[PDB]
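J.: got a sequence here, can you model it:
(2 chains, ligands or ions: 2)
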Amino acid sequence: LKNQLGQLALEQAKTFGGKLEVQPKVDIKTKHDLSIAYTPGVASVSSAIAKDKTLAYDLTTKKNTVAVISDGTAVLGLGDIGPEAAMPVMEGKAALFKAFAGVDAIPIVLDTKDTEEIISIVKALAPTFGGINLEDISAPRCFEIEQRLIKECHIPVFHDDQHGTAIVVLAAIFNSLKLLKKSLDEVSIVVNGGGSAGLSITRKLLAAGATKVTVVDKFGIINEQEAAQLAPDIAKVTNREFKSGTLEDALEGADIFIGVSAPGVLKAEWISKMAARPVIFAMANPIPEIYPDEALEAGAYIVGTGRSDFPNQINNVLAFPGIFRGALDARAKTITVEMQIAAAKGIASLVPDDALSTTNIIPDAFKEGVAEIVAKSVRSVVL
Amino acid sequence: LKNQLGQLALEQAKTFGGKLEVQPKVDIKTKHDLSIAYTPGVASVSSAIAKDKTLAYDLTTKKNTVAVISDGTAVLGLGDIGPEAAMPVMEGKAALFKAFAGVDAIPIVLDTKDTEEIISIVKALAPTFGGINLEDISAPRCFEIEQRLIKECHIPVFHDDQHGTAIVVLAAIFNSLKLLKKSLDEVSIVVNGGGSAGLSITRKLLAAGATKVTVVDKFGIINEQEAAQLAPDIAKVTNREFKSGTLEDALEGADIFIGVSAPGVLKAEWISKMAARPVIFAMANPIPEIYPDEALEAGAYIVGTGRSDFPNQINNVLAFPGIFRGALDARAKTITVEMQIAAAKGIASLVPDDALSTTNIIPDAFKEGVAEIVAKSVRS
Ligand SMILES: [Mg+2]
Ligand SMILES: [Mg+2]
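T.: Residues are numbered from 1 along each chain as shown, chains lettered A, B, ... in the order given. Ligands and ions are numbered 1, 2, ... in the order given. Coordinates below:
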């Protein structure tokens, strides 16, 4: 007709010079106020902490502030555009942290693509924050940085662009299970993705209950009795325990649903051969594994993607706010796997009467619930 | 004075859990609002900046956010207490930026002390800010830290601890030079303290137009023909040109100006031995080199300290907020001495033809009058 974008509110950046601001929540207009918030008195706040470093959580902003960190190598659906160009997205991300949950998030972009010094930069920042949210950093550097950070840090580190949608996909099935009348131990789950992402989802699924999961990569089914699969040996042991040695196509065969990661790899015809009420989660960016409508006429009962135009969008938003709010509230030295499933159930709890509506919208509770579950899911005291 | 009940009569830190918080400057609360501040509208902002980097100063908070960075190694008067314990001080310093000037500031502490590590950390995060304020990191490392950053960063890096207080004292003497009606070229200046702050004072006076400055330290007058260093630019060759080396006492002889940094000495009997109308800036604290009381008794023309307790209090809050407000409003890549001197000149002007009230307090737009002087002074 005569299209543009509309969302050309680029003037919204120009006008306010960014989208975040730092406000003191303490009195500071007078000499009396400054003798309390700074110079004289403040010396004793430092002192208490110097004797008991745990006090950092009660007397500093480490209590409620998380850092959103990126190197601008994987910003959104663009590309390695650099740290400055990434800032709009990291501070946008931080504005959500505050709006949906009560989390104070500082956006931070560093210009270094050297894995070694990135994990070393953040480790040095760790003292400052109560939580680290790695964002938009490209793979495979995005997997080693997180693991070395999770292991070496005293505060929770969460790479959102990975476990994020995973947690929402996990919640999307809990609700999918319900309207099918099946359990998670009766479901035949096929995961397309040998990468670390597909593997994580898989670990999560087994931890969530799932009895039978078959993993598939670019060369076929991961079968344990076919020592013809990469040194990533372990998933073989706990998935595909019937040992079907075939292909993706040969996997839909009576499968209750597929979780994916590769572009258009799922051709409609197959759907026909899937189980009775076939669920489908084509999470592949831009070009999904199969467009929702294009997969409904095939015979699918449920379809979800990461696209706003189709129904059932699996979006990060329903997860990162609550998880850190819950983690911060508990002063968790790290985010566990059970904590992530906890988040998935909470998210799940927000859907009363489902159908074509299995993932909750953005209501009032929706971060509180999630944070509620994350805390209490810690029902495993080492004492 | 146990009167420091504030130190306790505060613990707002516990009530508020820290003194700062992050707030959005734009709309959220509806899907449509989110549509613009985030995906997929924000994608046009990223892309635009990707094609023109000088836009980072226009469309991101970099346009107004400076980071207050320290390694918790020299936190106000407590030494090396670590990053977590330094955080309260950086939170307060950051609050001040917002309170006096418009500057948004973020406190950031670091778990390392290796110089090379620190410099490279700041280089990694600059992208994110428009200015860096080093604070409470100790010497002699802070020296290499700041100096390397100044000439290796695209955004201005400053260490408020060694220059801030220096700048205000300068502001004070520009004005005192008026009541005295003498040229900053004619005055004989003595500076007690050969440390970080000490030097920053001299270095500024010698750029502001001082011809007679002599520095004294732990052993006495620094004498160019006596001094010896472990590198050998140095203070020695730009001071004590009379080559007169002696005591810190046998040197205030008819001196018109004294700036003291961190002792508590300076005896009342010495005043009269100075020039006819001497000025005393006793900057040590809590205990000054000499209380204003005695100074005036002893026959001193003007006196100022680092005490809100007496008149002429020379305090930091007058310098850094405005020098960053302006080194940002004008988008500068460095904070130079010219800018610093300009900062002080601005400060002094906040007092229309003075008296024994050589400095300004904290009225309205103080940080602006100074920002206005620093910016437009780099425009050259
Ligand atoms: Mg992302
Ligand atoms: Mg300091």
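
J.: and stretch A:347-354, C-alpha only, in CSV?
T.: C-alpha atoms of stretch A:347-354 as CSV (Å, rounded to 0.1, in the frame of the first residue of the first chain):
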residue,chain,number,x,y,z
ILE,A,347,5.1,-20.0,33.7
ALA,A,348,2.8,-23.0,33.1
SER,A,349,0.6,-22.1,36.1
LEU,A,350,-0.5,-18.9,34.4
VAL,A,351,-2.9,-20.6,31.9
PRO,A,352,-6.4,-21.4,33.3
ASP,A,353,-8.2,-22.8,30.3
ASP,A,354,-6.0,-23.5,27.5
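
J.: how near is residue A:62 to ligand 2?
T.: Distance, residue A:62 to ligand 2, by CB to the ion, to the nearest Å: 20 Å. C-beta coordinates here come from the backbone N, C-alpha and C atoms, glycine included.

J.: now do the contacts for that residue.
T.: A:56, A:127, A:128, A:129, A:130, B:18, B:84, B:87 (CB atoms under 8 Å, 6 or more residues apart in numbering or on different chains).

J.: please redo it, this time with the cut-off set to 6 Å
T.: Listed by CB atoms under 6 Å, 6 or more residues apart in numbering or on different chains, the contact set of residue A:62 reads A:56, A:129, A:130.

J.: which SS class is the closest residue to the second one other than its chain neighbours?
T.: Counting by CB to CB, 6 or more residues apart in numbering or on different chains, residue A:129 lies nearest to residue A:67, which is 4.8 Å off, once chain neighbours are set aside. Recorded secondary structure, residue A:67: strand (DSSP: H, G, I helix; E, B strand; the rest coil).

J.: how many residues are close by residue A:67?
T.: 26 (other CB atoms under 10 Å in any protein chain shown).

J.: give me the subset of the contacts of residue A:62 that lies in helices.
T.: Residues of the contacts of residue A:62 located in helices (DSSP state H): residue A:56.

J.: ligand 1 contacts on chain A?
T.: Within chain A, the positions adjacent to ligand 1 are A:136, A:161 by CB under 5 Å from the ion.

J.: hmm, 8 Å instead?
T.: A:74, A:75, A:76, A:89, A:93, A:135, A:136, A:160, A:161, A:164, A:316 (CB under 8 Å from the ion).

J.: which SS class is the second one?
T.: The three-state label for residue A:75, taken from three-state DSSP, comes out as coil.

J.: now do the phi/psi pair for it.
T.: Dihedral pair for residue A:75: phi -70, psi 120, per degrees, to the nearest 10.

J.: for the third one, same thing?
T.: Listed backbone geometry of residue A:76 is phi 40, psi -120, with angles given as degrees, to the nearest 10.

J.: mind checking which of the residues of chain A next to ligand 1 are in helices?
T.: Using DSSP H, the residues of chain A next to ligand 1 in helices are A:89, A:93, A:160, A:161, A:164.

J.: possible to save those as CSV with distance to ligand 2 and neighbour count?
T.: Listed next are these as CSV, based on distance: CB to the ion, whole Å; neighbours: other CB atoms under 10 Å in any protein chain shown:
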residue, distance to ligand 2, neighbour count
A:89, 34, 27
A:93, 32, 25
A:160, 36, 19
A:161, 39, 19
A:164, 40, 23
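
J.: from those residues, pick the one nearest chain B.
T.: residue A:89 (5.6 Å; CB to the nearest CB).

J.: contacting residues for that closest one?
T.: Residue A:89 makes contacts with A:75, B:42, B:46, as judged by CB under 6 Å, 6+ apart.

J.: could you redo the last one with a cut-off of 7 Å?
T.: A:75, A:76, A:136, B:42, B:46 (CB atoms under 7 Å, 6 or more residues apart in numbering or on different chains).

J.: again, but for residue A:212
T.: A:188, A:189, A:241.

J.: now it, which residues is it bridged with?
T.: Beta-bridge pairing for residue A:212 (DSSP bridges): residue A:188.

J.: just to revisit the earlier point, got JSON lines for the contacts of residue A:212, with neighbour count too?
T.: Shown next, in JSON lines, are the contacts of residue A:212 (neighbours: other CB atoms under 10 Å in any protein chain shown):
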{"residue": "A:188", "neighbour count": "21"}
{"residue": "A:189", "neighbour count": "23"}
{"residue": "A:241", "neighbour count": "14"}
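
J.: give the contact list for whichever residue of the stretch 101-250 of chain A sits closest to ligand 2.
T.: Closest contact between the stretch 101-250 of chain A and ligand 2, by CB to the ion, is at residue A:128 (17.2 Å). The contact partners of residue A:128, by CB under 7 Å, 6+ apart, come to A:62, B:87, B:108, B:109.

J.: repeat that with 6 Å
T.: With CB under 6 Å, 6+ apart, residue A:128 has these contacts: B:108, B:109.

J.: let me see the contact set for the closest residue to residue A:316 other than its chain neighbours.
T.: Distances taken as CB to CB, 6+ apart put residue A:164 closest to residue A:316, at 4.0 Å, once the chain neighbours are dropped. Shown in contact with residue A:164 (CB under 6 Å, 6+ apart): A:316, A:319, A:320.

J.: give the contact list for the last one.
T.: Right, residue A:320. A:160, A:164 are the contacts of residue A:320 under CB under 6 Å, 6+ apart.

J.: if we use 8 Å, what do you get?
T.: Residue A:320 makes contact with A:96, A:97, A:133, A:158, A:160, A:164, according to CB under 8 Å, 6+ apart.
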